[PDB]
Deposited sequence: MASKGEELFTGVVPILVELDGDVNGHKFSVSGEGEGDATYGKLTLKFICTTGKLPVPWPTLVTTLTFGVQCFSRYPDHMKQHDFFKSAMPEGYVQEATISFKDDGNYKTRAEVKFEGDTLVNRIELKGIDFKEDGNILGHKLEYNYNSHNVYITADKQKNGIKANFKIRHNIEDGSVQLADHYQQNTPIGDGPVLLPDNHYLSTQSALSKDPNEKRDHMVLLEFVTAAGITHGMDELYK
């Protein structure tokens, strides 16, 4: 267990700021909400502040929530495996490559750290090689998000962690759009961090709309629980 974990015993306010460019379609997203790691619970509202989002909202969920993996519920018996909180408050840098099968890719860079008592995530996203009337730029994905695992492994070399997982977005015709994810996280601070044994994050997400919101937006309720390492 770590000193960073003490920062997460109660409800913590969250800010997310994203600048994106996908095939030259530029956009920004701002998110606000809060996290309660005791319950692995996230409540966030994201708004496209530049007009219409040029990609489907579900394709941004992992990018927008990458940095809030510090709100995962680690069972007590697994708390020595929680890198994310151990890096706080100084934070970490995160990079990911998200490869959409038979389409383009996102590359992201982000920094997550505390700013006072708020957990702040700042993200840059670059997407290239998308098909103009593919499932992403053609907006052919359902507004939903399947439950999934995020497989974590240590990168001791680099004093950090990696994650690998596949997302299966639902296409409106009943098919699936696969998105391969590779994530790397590195501490910003010089203090010690927890380098975990292999384990995963079990994630469940519900996407909705604010009925009074006329801007392009996404309301997200997400639960994230660590598992995979195991008295009666």
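K.L.:
Could you list the ranges of the deposited sequence that have no C-alpha atoms in the model?
P.N.:
1, 232 to 236, 239 are the stretches of the deposited chain that have no C-alpha coordinates in the structure.
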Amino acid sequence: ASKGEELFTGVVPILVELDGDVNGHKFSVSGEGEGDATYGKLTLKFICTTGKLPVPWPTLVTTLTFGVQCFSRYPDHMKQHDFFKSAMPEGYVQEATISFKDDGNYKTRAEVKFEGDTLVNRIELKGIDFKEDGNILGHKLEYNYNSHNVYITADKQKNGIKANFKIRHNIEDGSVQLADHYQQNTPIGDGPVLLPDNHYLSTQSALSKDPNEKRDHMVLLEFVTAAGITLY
From here on, numbers count along this sequence of modelled residues.
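K.L.:
Tell me which stretch, 150 to 158 or 97 to 105, has the higher mean Cα B-factor listed in the entry.
P.N.:
The deposited B-factors put 150 to 158 ahead on the C-alpha mean.
K.L.:
Once you work out the mean C-alpha B-factor for both 72 to 80 and 133 to 141 from the entry, which is higher?
P.N.:
So the stretch with the higher mean C-alpha B-factor is 133 to 141.
K.L.:
Please pick out which of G40, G189, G33, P56 has the largest Cα B-factor as recorded in the entry.
P.N.:
The record points to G189.
K.L.:
Taking the chain's C-alpha temperature factors as the reference, tell me which third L178 falls into: lowest, middle or highest.
P.N.:
For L178, whose C-alpha B-factor we compare with every modelled residue in the chain, the answer is the middle third.
K.L.:
Using the B-factor values recorded in the entry, state whether the Cα atom of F46 falls in the lowest, middle or highest third among the modelled residues of its chain.
P.N.:
As the PDB entry reports it, the C-alpha B-factor of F46 lands in the lowest third of its chain.
K.L.:
Among the modelled residues of its chain, does the C-alpha B-factor of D21 lie in the lowest, middle or highest third?
P.N.:
Tercile = middle for this residue's CA B-factor.
K.L.:
Compare the C-alpha B factor of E222 with those of the other modelled residues in its chain, then answer lowest, middle or highest third.
P.N.:
Lowest third, going by the recorded CA B-factors of the chain.
K.L.:
Test of reading the entry: by CA B factor among the chain's modelled residues, which third contains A206?
P.N.:
CA B-factor rank for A206: highest third.
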